[PDB]
Amino acid sequence: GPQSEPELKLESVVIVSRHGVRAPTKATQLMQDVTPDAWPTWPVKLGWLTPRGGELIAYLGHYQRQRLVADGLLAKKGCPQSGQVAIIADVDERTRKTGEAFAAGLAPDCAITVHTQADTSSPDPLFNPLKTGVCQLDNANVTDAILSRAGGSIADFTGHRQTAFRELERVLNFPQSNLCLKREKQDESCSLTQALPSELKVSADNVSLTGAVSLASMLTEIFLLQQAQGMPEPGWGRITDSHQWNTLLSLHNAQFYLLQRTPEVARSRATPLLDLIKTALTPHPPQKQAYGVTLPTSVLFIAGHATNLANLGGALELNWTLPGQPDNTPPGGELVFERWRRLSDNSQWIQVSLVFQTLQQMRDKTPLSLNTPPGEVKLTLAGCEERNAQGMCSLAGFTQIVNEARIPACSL
Ligand code: NI
């Protein structure tokens, strides 16, 4: 029967995805000391992707295949022709296995290659050029920029978020913790922000926060991973409604806003990824390039980290909050770049979106499909001056934004 008159044709898609659910990367004395309760153990070694984690990623891959078939970019049956789908992953187990899980869902039994750099025992500069010393952060500028975004000091920052820290204290049963019961001394109410003062540390290669701010960001992420993993009682059963989830994860999102979205950090850290993305999106005779991948092509899946998603958002002025997903940068969350050809005049356009499983979709292990899709937020490029009716940025305008956002000294 007669369907919607096609207005745009999908021509290429680049998905920058966070790795899936992975077991907490560290078990520290400080984590022991801020709660009287025992942290539940995990079925895999520290930092590794869990089997359920891979299954959640494979659901997104399945969904992406269905919708890309609907958009006419992939064939309904069969394996994608050689090179039509490419997968690049960071060197970590959790990212390589994420790449494999997405391929297993997108194109089961097609043995699509998950490419990495040659040495998997060393950091890949594409996913953070600061880490291998390709470039350095400007200490004065990063310090000023982050402190300003914090409200002027980290003390201002925590002071505005007392509600969330006390919610974290409740979930930990902090008052009955060793940090609290051993304090000096007994007549002062115990406070997480005050027992662990937080400072901003800026070095050439890294920015971090100490004390309660970074501890809170880690611990609230752990609760969310317990939830997504199907653990019986995340937060020892003390997280019972969605207001509580949002409140807790606000501490995690707030640290990412400071450390990973601040452009003075994000532009540098995202520069190699920016170049790769623009390479994949630009019409051009196909050519073997980074990782031995031929670009451009139909679908490129990049398996990285929440920081990468946050850095790109910061560099490109893309803002988002995810309905039903308390974590702004959730396991498996995808920043989705698409090149669309407008049929009326054959012009080229770039759309950006953020695709993600809701927390309940992870909790219930909900298989995804066209009738049960993941969540999805349409994004705008804040700096784009040439938009079409759908909010996309012209190819030329996207290229200028990337050329201004990137830092040449951080390129590969
Ligand atoms: Ni303030």
# chains A, B, ... in the order shown; residues from 1 in each chain; ligands from 1

$ residues_around --residues "residue A:405" --least-positions-apart "4" --cutoff "12 Å" --atoms "only C-alpha atoms" --output "MDAnalysis selection string"
chainID A and resid 263:275 311:317 381 383 398:401 410:411

$ closest_atom_pairs --of "chain A" --to "ligand 1" --cutoff "12 Å" --atoms "only C-alpha atoms and all ligand atoms" --output "Markdown table"
| residue | atom | partner | partner_atom_place_in_ligand_line | distance |
| --- | --- | --- | --- | --- |
| A:147 | CA | ligand 1 | 1 (Ni) | 10.8 |
| A:148 | CA | ligand 1 | 1 (Ni) | 9.5 |
| A:149 | CA | ligand 1 | 1 (Ni) | 9.5 |
| A:150 | CA | ligand 1 | 1 (Ni) | 7.6 |
| A:151 | CA | ligand 1 | 1 (Ni) | 4.4 |
| A:152 | CA | ligand 1 | 1 (Ni) | 6.9 |
| A:153 | CA | ligand 1 | 1 (Ni) | 8.4 |
| A:154 | CA | ligand 1 | 1 (Ni) | 9.7 |
| A:155 | CA | ligand 1 | 1 (Ni) | 9.0 |
| A:156 | CA | ligand 1 | 1 (Ni) | 5.2 |
| A:157 | CA | ligand 1 | 1 (Ni) | 6.6 |
| A:158 | CA | ligand 1 | 1 (Ni) | 9.3 |
| A:159 | CA | ligand 1 | 1 (Ni) | 7.8 |
| A:160 | CA | ligand 1 | 1 (Ni) | 6.6 |
| A:161 | CA | ligand 1 | 1 (Ni) | 10.2 |

$ residues_around --residues "residue A:183" --least-positions-apart "5" --cutoff "12 Å" --atoms "only C-alpha atoms" --output "list in words"
residues 33, 34, 174, 175, 176, 177, 178, 188, 189, 190, 191, 192, 194, 195 and 196 of chain A

$ write_last_selection --atoms "N, CA and C atoms" --output "short mmCIF file (atom, residue, chain, number, x, y, z; two decimals), in the first residue's frame"
data_model
loop_
_atom_site.label_atom_id
_atom_site.label_comp_id
_atom_site.auth_asym_id
_atom_site.auth_seq_id
_atom_site.Cartn_x
_atom_site.Cartn_y
_atom_site.Cartn_z
N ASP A 33 34.79 1.35 54.16
CA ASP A 33 34.69 2.14 55.37
C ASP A 33 33.46 3.05 55.43
N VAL A 34 32.83 3.35 54.28
CA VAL A 34 31.69 4.26 54.26
C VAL A 34 30.36 3.53 54.37
N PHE A 174 25.54 5.30 55.92
CA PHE A 174 26.76 5.99 56.32
C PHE A 174 26.89 6.23 57.82
N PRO A 175 25.84 6.64 58.54
CA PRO A 175 26.04 6.97 59.97
C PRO A 175 26.55 5.81 60.80
N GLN A 176 26.29 4.57 60.37
CA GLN A 176 26.74 3.38 61.09
C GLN A 176 27.99 2.77 60.45
N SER A 177 28.66 3.52 59.58
CA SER A 177 29.88 3.05 58.92
C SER A 177 31.09 3.27 59.82
N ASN A 178 32.20 2.62 59.46
CA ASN A 178 33.43 2.74 60.24
C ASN A 178 34.00 4.16 60.16
N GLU A 188 29.46 15.40 66.80
CA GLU A 188 29.24 16.07 65.52
C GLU A 188 28.59 15.10 64.54
N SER A 189 27.49 15.51 63.94
CA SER A 189 26.86 14.69 62.91
C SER A 189 27.87 14.36 61.81
N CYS A 190 27.81 13.13 61.33
CA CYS A 190 28.75 12.64 60.33
C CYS A 190 28.29 13.06 58.94
N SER A 191 29.22 13.56 58.14
CA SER A 191 28.91 14.12 56.83
C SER A 191 29.91 13.59 55.81
N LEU A 192 29.41 13.09 54.69
CA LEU A 192 30.30 12.51 53.68
C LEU A 192 31.15 13.59 53.03
N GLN A 194 32.10 16.38 54.24
CA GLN A 194 33.08 16.95 55.17
C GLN A 194 34.11 15.93 55.65
N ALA A 195 33.76 14.65 55.76
CA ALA A 195 34.79 13.68 56.12
C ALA A 195 35.77 13.43 54.98
N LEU A 196 35.37 13.71 53.73
CA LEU A 196 36.22 13.48 52.56
C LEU A 196 36.23 14.75 51.71
#

$ atom_distance --atom1 "atom CA of residue A:280" --atom2 "atom CA of residue A:302"
11.1 Å

$ residues_around --residues "residue A:251" --least-positions-apart "4" --cutoff "7 Å" --atoms "only C-alpha atoms" --output "PDB file with C-alpha atoms, in the first residue's frame"
ATOM      1  CA  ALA A 164      21.875  14.192  46.864  1.00  0.00           C
ATOM      2  CA  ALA A 216      29.960   9.491  45.131  1.00  0.00           C
ATOM      3  CA  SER A 217      30.258   9.372  41.333  1.00  0.00           C
ATOM      4  CA  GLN A 255      31.223  14.962  37.993  1.00  0.00           C
TER       5      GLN A 255
END

$ residues_around --residues "residue A:123" --least-positions-apart "6" --cutoff "8 Å" --atoms "only C-alpha atoms" --output "PyMOL selection string"
chain A and resi 91+131-132

$ closest_residue --among "A:127, A:39, A:48, A:257" --to "residue A:90" --atoms "only C-alpha atoms"
A:127

$ residues_around --residues "residue A:79" --least-positions-apart "2" --cutoff "12 Å" --atoms "only C-alpha atoms" --output "PyMOL selection string"
chain A and resi 65+74-77+81-85+103-112

$ atom_distance --atom1 "atom CA of residue A:133" --atom2 "atom CA of residue A:199"
24.1 Å

$ closest_residue --among "A:63, A:256, A:349, A:165" --to "residue A:244" --atoms "only C-alpha atoms"
A:165

$ closest_residue --among "A:348, A:206, A:394, A:403" --to "residue A:10" --atoms "only C-alpha atoms"
A:348

$ residues_around --residues "residue A:289" --least-positions-apart "5" --cutoff "10 Å" --atoms "only C-alpha atoms" --output "VMD selection string"
chain A and resid 276 279 294 to 296

$ select_by_dssp --residues "stretch 321-396 of chain A" --states "strand (DSSP E or B)" --output "VMD selection string"
chain A and resid 334 to 342 348 to 356 375 to 378 387 393 to 394

$ write_last_selection --atoms "C-alpha atoms" --output "mmCIF file, in the first residue's frame"
data_model
loop_
_atom_site.group_PDB
_atom_site.id
_atom_site.type_symbol
_atom_site.label_atom_id
_atom_site.label_comp_id
_atom_site.auth_asym_id
_atom_site.auth_seq_id
_atom_site.Cartn_x
_atom_site.Cartn_y
_atom_site.Cartn_z
ATOM 1 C CA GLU A 334 25.186 5.326 21.766
ATOM 2 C CA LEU A 335 25.927 8.720 20.258
ATOM 3 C CA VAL A 336 24.578 8.125 16.745
ATOM 4 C CA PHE A 337 25.836 10.200 13.799
ATOM 5 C CA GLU A 338 23.993 9.820 10.485
ATOM 6 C CA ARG A 339 24.533 11.306 7.038
ATOM 7 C CA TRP A 340 21.241 11.777 5.194
ATOM 8 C CA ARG A 341 20.735 12.783 1.573
ATOM 9 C CA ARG A 342 17.758 15.070 0.977
ATOM 10 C CA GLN A 348 23.856 16.169 2.483
ATOM 11 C CA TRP A 349 22.902 16.478 6.139
ATOM 12 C CA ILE A 350 24.168 15.218 9.506
ATOM 13 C CA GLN A 351 21.841 14.164 12.310
ATOM 14 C CA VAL A 352 22.988 13.320 15.845
ATOM 15 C CA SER A 353 20.965 11.314 18.372
ATOM 16 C CA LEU A 354 21.546 9.494 21.632
ATOM 17 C CA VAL A 355 20.158 5.939 21.768
ATOM 18 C CA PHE A 356 20.042 4.090 25.077
ATOM 19 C CA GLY A 375 15.015 5.216 24.221
ATOM 20 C CA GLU A 376 16.186 7.907 21.824
ATOM 21 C CA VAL A 377 16.874 11.647 22.079
ATOM 22 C CA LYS A 378 17.212 13.877 19.031
ATOM 23 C CA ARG A 387 19.846 23.456 9.555
ATOM 24 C CA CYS A 393 23.226 20.258 10.244
ATOM 25 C CA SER A 394 24.446 20.634 6.674
#
